[PDB]
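As structure tokens, one chain now follows by itself in the form deposited in one PDB entry.
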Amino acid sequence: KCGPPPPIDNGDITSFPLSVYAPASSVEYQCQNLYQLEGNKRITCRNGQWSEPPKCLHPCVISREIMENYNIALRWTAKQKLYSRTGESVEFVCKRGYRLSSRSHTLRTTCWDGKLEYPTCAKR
């Protein structure tokens, strides 16, 4: 018999908590909107003990602040801000007349766990 399930950052269980859980019994987690479950969504009451719980991978937030800098702006839409899931790509072109000064590929990237590497475009 286990106690209440552990918490995880940016997520919670998909059911209402109880005080004591009979062994064999499981519960699932879910992450907040745009966060990505890493690991098994389910845990089990293993001899009076919870099995291991998942991680929630961070999305990447593309601000009007970040835009004004690396001198890149939004390629398709014209939203002054945008959110990207982990495992999902964003695409820019350069600012008011600049060249691609980063790597031989980098305009198209993979947000992963809050990390997204921006292409830099330098002036003139």
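By rigid core we mean the largest C-alpha set that fits within 1.5 Å across both forms. Don't overthink the numbering: it's just position in the shown sequence, from 1.
The following text describes the form deposited in another entry, which does not appear among the structures shown.
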Exercise. Any chance the CA of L82 moves 2 angstroms or more between the shown form and the other one, core superposed?
Worked result: no
Exercise. Fitting the rigid core first, would the Cα of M67 be found 2 Å or more away between the shown form and the other one?
Worked result: yes
Exercise. Superposing on the rigid core, does the Cα of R42 end up 2 Å or more away between the shown form and the other one?
Worked result: no
